[PDB]
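Just the one chain here, the form deposited in one PDB entry, laid out as structure tokens.
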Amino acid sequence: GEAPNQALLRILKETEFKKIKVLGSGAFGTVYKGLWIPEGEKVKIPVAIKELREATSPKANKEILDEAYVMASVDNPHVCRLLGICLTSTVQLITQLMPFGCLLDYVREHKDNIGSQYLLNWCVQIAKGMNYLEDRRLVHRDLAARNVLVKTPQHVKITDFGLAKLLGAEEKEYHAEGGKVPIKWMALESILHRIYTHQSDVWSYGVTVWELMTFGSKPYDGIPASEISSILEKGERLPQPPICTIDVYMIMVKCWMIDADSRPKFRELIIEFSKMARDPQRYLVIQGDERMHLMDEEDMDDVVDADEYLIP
């Protein structure tokens, strides 16, 4: 009693796309930047191409195809979608280019120009994407700022489905196996029982929210992954970001309750952050909150311009 997944997997000819520059060569393969030019039409589509290292890997090959399967099965404005695959020596995933890269690095190199309206709209958008995934019965499993891409400063989307698992109809949770999950973003029950749920994703959503409000800080900067379970067992949690009103911080804290059902639901996070988005400054206190444009390059507020200083 399960719905057939009639998603279309598109096989694209390598001749149809012109690679142009590598965006990153991490410990997973490489991500390129290019243009997809379908033979028939008269359109040039900016795309990102992801593949593995030159030599063929056994299990890594299955993993790209697993990731292709999930990306080809989601269609939402706040989720990254697969345009298709190109069967070369190694399989290549092709998706829409998110020009401004990942959100984490984005908040880092733009701290001095990120106003409360942008922060709150991203929380709404990320919550919408996640609620969609929940409707599709998909449990992310690696939600974090690094996995949210920026199409434009006003439009972000969730990505990286490398660990995503689709749950059955009467299936409530996923039981994992190997240890390859980032500890500092996982629910307590995940670390203790390898259990994952939509509610487990909410915990990660909370942490993701923390990264944004702190403009890109590393959660538990000191503490090493091994200790995280214990500090969490003692009831410790991430600190209140300086720009955070208690209203916002209470949202992050709720996503971190021990009882998973006590945490909010993505559909509720959307409503909550949406209300706050209508009146940004009542919820986040940021020094500039616009732009913060005559570079003094000094620490002085008794400065007065010469054409305002008259005959003494």
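Superpose the two forms; the largest set of C-alphas matching within 1.5 Å is the rigid core. Position 1 is the first residue in the sequence shown; the rest follow in order.
(request) Can you check if, in at least a third of the other PDB entries compared, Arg53 has no modelled coordinates? (result) Per the records, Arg53 goes unmodelled in at least a third of the other entries.
(message) I'd like to know whether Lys19, which is modelled here, goes unmodelled in a third or more of the other compared entries that cover its flanking residues.
(response) No, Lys19 is modelled in every one of the other compared entries that cover both of its flanks.
(request) Pick one of none, 1 to 3, 4 to 9 or 10 or more for the number of deposited-sequence residues not modelled between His293 and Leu294. (result) Gap between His293 and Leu294: 10 or more residues without coordinates.
(message) Mean CA temperature factor from the deposited coordinates, higher in 281-289 or in 51-59?
(response) Higher mean C-alpha B-factor: 51-59.
(request) Can you let me know which of the two, 224-232 or 127-135, has the higher average C-alpha B-factor in the entry? (result) 224-232 has the higher mean C-alpha B-factor.
(request) Please pick out which of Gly101, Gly115, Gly168, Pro239 has the largest Cα B-factor as recorded in the entry. (result) Out of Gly101, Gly115, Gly168, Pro239, the record gives the largest C-alpha B-factor to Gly168.
(message) Comparing recorded Cα B-factors across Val22, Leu9, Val304, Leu12, which one is largest?
(response) It is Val22.
(message) Ranking the modelled residues of this chain by C-alpha B-factor as given in the entry, is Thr88 in the lowest, middle or highest third?
(response) CA B-factor rank for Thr88: highest third.
(request) Determine, from the deposited record, the chain-internal third of the Cα B-factor for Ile258: lowest, middle or highest. (result) Ranked within chain, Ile258 CA B lands in the middle tercile.
(message) For the chain shown, is the CA B-factor of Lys275 in the lowest, middle or highest third of its modelled residues?
(response) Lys275: CA B-factor falls in the lowest third of its chain.
(message) Sorting by Cα B-factor within the chain, modelled residues only, which third would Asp247 end up in: lowest, middle or highest?
(response) CA B-factor rank for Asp247: lowest third.
(request) Place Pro153 in the lowest, middle or highest third of its chain's C-alpha B-factors, as listed in the PDB entry. (result) Middle third - that is where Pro153 ends up once the chain's C-alpha B-factors are sorted.
Absent from the display: the form deposited in another entry. The rest refers to it.
(request) Quick one: lay the two forms over each other on the core and tell me which of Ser262, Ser274, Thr56, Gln281 moves its CA by at least 2 angstroms between this form and the one not shown. (result) Result of the comparison: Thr56.
(request) For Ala27, decide whether the Cα shift between this form and the one not shown is 2 Å or greater, given a superposition on the rigid core. (result) Yes: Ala27 shifts by at least 2 Å between this form and the one not shown.
(request) Could you tell me whether the Cα atom of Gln154 shifts by at least 2 Å between this form and the one not shown after core superposition? (result) It does not reach a 2 Å shift.
(message) For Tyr249, does the CA position differ by 2 Å or more between this form and the one not shown when the superposition is done on the rigid core?
(response) No, because once the rigid core is superposed, the C-alpha of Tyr249 moves less than 2 Å between this form and the one not shown.
(request) Tell me whether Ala60 and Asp105 end up closer or farther apart in the other form, going by their C-alpha atoms; the shift is 3 Å or more. (result) Farther apart, by at least 3 Å.
(request) Can you tell whether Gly101 sits closer to or farther from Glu67 in the other form than it does here, judged by CA atoms, where the change is 3 Å or more? (result) So the answer is farther.
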